[PDB]
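Here's the structure we're looking at; comments come further down.
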Amino acid sequence: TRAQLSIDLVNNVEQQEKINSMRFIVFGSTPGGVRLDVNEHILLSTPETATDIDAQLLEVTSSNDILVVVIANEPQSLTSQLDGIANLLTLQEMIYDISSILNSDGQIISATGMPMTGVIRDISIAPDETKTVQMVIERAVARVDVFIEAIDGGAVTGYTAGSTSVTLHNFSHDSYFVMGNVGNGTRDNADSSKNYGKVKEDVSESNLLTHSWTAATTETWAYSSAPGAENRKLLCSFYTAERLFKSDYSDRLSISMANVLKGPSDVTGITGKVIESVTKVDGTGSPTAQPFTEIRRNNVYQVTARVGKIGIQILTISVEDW
């Protein structure tokens, strides 16, 4: 009748997020049909990372086909919905506002934490059998980093507390909450039937955000040949939802900057440059720029403002390290 399923979360190391809340939603095929088997919400007194978390034993109903959804650091706004979930596809329809997990300064509220999700499919367990299922969970947000970079042959650059600013256009905080992983075979799979999770499309101008982020500190720096040098310095970070850009690419991310220091006695900026291409630098032999068609969850989009003699050149890369 019953079986024991041990879920062991994996990262495969030091920058992995602390977990305050855990939720295990198990679905299984019964003779009568698909039914919710387990919905368990565990609250951790000592927040720990996915590697520090011991395998979680779940008492399940033996089935030839079981689907497990794991949710870490769920926003308080979805707990009422999650506690009352009954259907798997109604879960896939659940949307959340990223603005919930963010404070006044635009950074994650440490107390609720970074929401993470993962889905694993096609689990077979027989009565009284014990199985360990190893799975990955990914962050339910994307990050847009903005850097100022001093380059060889360029001018002395920097930012000033009062006037240097950066404005990001067409970002959104409207996202589908649960999303499967490539690592668990529940994303970018051959047949869409083995995939889990929806991604936002044709976002309204109402849902597209714009936010200015004036510098707090002041520092100037010139290009250095030395190894200890930090020529590429971070100015600001923005959080955006995972979504597909429209066909016309009218909602593509845009950036503008003001009073970026250029030379000893001048400044320079950007006025609405669209981020039309991104270079995925995930492997040393992967330096190819591609069209920016999708904002993808658990990826950091790093926009760099390269300061030359005459002005700024914006270059954007895709990284998976937070």
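Details
- Any hit, the stretch 246-262, residues being of a type in the set (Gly, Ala, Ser), more than 25 Å from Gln92 (Cα to Cα) and out of contact with any strand residue (DSSP E or B) (no Cβ under 7 Å at 6 or more places or on another chain): yes
- Listed by first and then second residue, the pairs with beta-carbon distance under 9 Å, at least 6 apart or on different chains, first residue in the stretch 224-239 and acidic (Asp, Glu), second surrounded by 10 or more Cβ atoms within 10 Å (Cβ to Cβ) and part of a strand (DSSP E or B), are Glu230/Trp221.
- Number of positions in the stretch 305-322 that are outside any strand (DSSP E or B) and either crowded, with 18+ Cβ neighbours inside 10 Å or touching a strand residue (DSSP E or B) at 6+ places or on another chain (Cβ under 8 Å) (or both): 4
- Only one of the listed residues (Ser163, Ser237) is of a type in the set (S, T, N, Q), part of a loop (DSSP other than H, G, I, E, B) and assigned by CATH to the domain that holds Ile310. That residue is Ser163.
- Qualifying residues in the stretch 243-282 (those that are of a type in the set (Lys, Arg), under 25 Å from the mean Cα position of the chain (by Cα) and part of a strand (DSSP E or B)) - the one surrounded by the fewest Cβ atoms within 10 Å (Cβ to Cβ): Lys280
- Single residue of the stretch 107-127 satisfying the filter (of a type outside the set (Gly, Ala, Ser) and assigned to a loop (DSSP other than H, G, I, E, B)) that is nearest to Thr1 (Cα to Cα): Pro127
- Residues that are among the aliphatic types (A, V, I, L, M) and outside any helix (DSSP H, G or I) within the stretch 78-106 comprise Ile85, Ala86, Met94, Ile95, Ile101, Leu102, listed in sequence order.
- Condition check for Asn189: part of a loop (DSSP other than H, G, I, E, B), in the same structural domain as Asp37 (by CATH) and not aromatic (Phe, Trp, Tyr): yes
- Qualifying residue in the stretch 60-76 (condition: within 24 Å of the chain's Cα centre (by Cα) and acidic (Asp, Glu)): yes
- Residues in the stretch 209-242 that are touching a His at 6+ places or on another chain (Cβ under 8 Å) and surrounded by 13 or more Cβ atoms within 10 Å (Cβ to Cβ): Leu209, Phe238, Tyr239, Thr240, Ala241.
- Here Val136 clears all of (1) aliphatic (A, V, I, L, M); (2) more than 27 Å from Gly33 (Cα to Cα); (3) surrounded by 18 or more Cβ atoms within 10 Å (Cβ to Cβ); (4) out of contact with any helix residue (DSSP H, G or I) (no Cβ under 7 Å at 6 or more places or on another chain) except the condition numbered (4).
The values are calculated or read from the model by the stated rules, or taken from the named source; these are not laboratory values. No Cβ is skipped: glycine too gets one built from the backbone with ideal geometry, and neighbour counts run over all protein chains shown.
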